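**Student:** Encoded as structure tokens, here's the structure I'll be asking about.
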Amino acid sequence: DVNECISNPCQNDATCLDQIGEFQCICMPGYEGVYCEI
Ligand SMILES: *[C@@H]1O[C@@H](C)[C@@H](O)[C@@H](O[C@@H]2O[C@H](CO)[C@@H](O)[C@H](O)[C@H]2NC(C)=O)[C@@H]1O
């Protein structure tokens, strides 16, 4: 139950996709971080 990608998990205006029991935060080209922020 419950998901991970509800209100855009990313923190840099990244694209969210589908994954296996996880979230898919697609950061920009040449970025860093897990939730697209660093
Ligand atoms: C999904 O992948 C991301 C890495 C981005 O390239 C996304 O594109 C951007 O999506 C936002 C939506 O919040 C939009 O506002 C931007 O204009 C768009 N970027 C460009 C250059 O179109 C992509 O969908």
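Ligands are numbered from 1 in the order shown, chains are lettered A, B, ... in the order of the structure tokens, and residues start at 1 in each chain.
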Excluding stretch 3-20 of chain A and residues on its chain fewer than 2 positions from it, collect all residues at most 6 Å away from it, counting only C-alpha atoms, and give them as a PyMOL selection string.
**Tutor:** chain A and resi 22-27+35-37
**Student:** Just asking: which residues within chain A are strand (DSSP E or B) according to DSSP, as a PDB file with N, CA, C and O atoms, in the first residue's frame?
**Tutor:**
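For reference, selection08.pdb as written:
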ATOM      1  N   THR A  15      11.420  14.538 -14.017  1.00  0.00           N
ATOM      2  CA  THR A  15      10.333  13.674 -14.465  1.00  0.00           C
ATOM      3  C   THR A  15      10.289  12.389 -13.642  1.00  0.00           C
ATOM      4  O   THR A  15      11.308  11.724 -13.455  1.00  0.00           O
ATOM      5  N   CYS A  16       9.101  12.048 -13.153  1.00  0.00           N
ATOM      6  CA  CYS A  16       8.922  10.843 -12.350  1.00  0.00           C
ATOM      7  C   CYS A  16       8.403   9.692 -13.204  1.00  0.00           C
ATOM      8  O   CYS A  16       7.451   9.854 -13.969  1.00  0.00           O
ATOM      9  N   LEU A  17       9.033   8.529 -13.067  1.00  0.00           N
ATOM     10  CA  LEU A  17       8.634   7.349 -13.827  1.00  0.00           C
ATOM     11  C   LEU A  17       8.246   6.207 -12.892  1.00  0.00           C
ATOM     12  O   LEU A  17       8.126   6.396 -11.681  1.00  0.00           O
ATOM     13  N   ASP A  18       8.054   5.021 -13.462  1.00  0.00           N
ATOM     14  CA  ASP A  18       7.679   3.849 -12.679  1.00  0.00           C
ATOM     15  C   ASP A  18       8.900   2.985 -12.376  1.00  0.00           C
ATOM     16  O   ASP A  18       9.825   2.895 -13.185  1.00  0.00           O
ATOM     17  N   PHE A  23      10.817   4.783  -6.519  1.00  0.00           N
ATOM     18  CA  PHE A  23      10.495   5.912  -7.382  1.00  0.00           C
ATOM     19  C   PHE A  23      11.568   6.110  -8.448  1.00  0.00           C
ATOM     20  O   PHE A  23      12.710   5.677  -8.282  1.00  0.00           O
ATOM     21  N   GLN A  24      11.194   6.766  -9.540  1.00  0.00           N
ATOM     22  CA  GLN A  24      12.124   7.022 -10.634  1.00  0.00           C
ATOM     23  C   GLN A  24      12.243   8.519 -10.907  1.00  0.00           C
ATOM     24  O   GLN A  24      11.520   9.070 -11.736  1.00  0.00           O
ATOM     25  N   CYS A  25      13.161   9.171 -10.200  1.00  0.00           N
ATOM     26  CA  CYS A  25      13.375  10.604 -10.363  1.00  0.00           C
ATOM     27  C   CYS A  25      14.421  10.879 -11.441  1.00  0.00           C
ATOM     28  O   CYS A  25      15.611  10.635 -11.241  1.00  0.00           O
ATOM     29  N   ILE A  26      13.967  11.386 -12.584  1.00  0.00           N
ATOM     30  CA  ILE A  26      14.863  11.692 -13.693  1.00  0.00           C
ATOM     31  C   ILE A  26      15.363  13.131 -13.612  1.00  0.00           C
ATOM     32  O   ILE A  26      14.688  14.058 -14.059  1.00  0.00           O
TER      33      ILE A  26
END
**Student:** I'd like the interatomic distance between atom CA of residue A:34 and atom 1 (C, counted along the ligand's line) of ligand 1, to a tenth of an Å.
**Tutor:** 15.4 Å
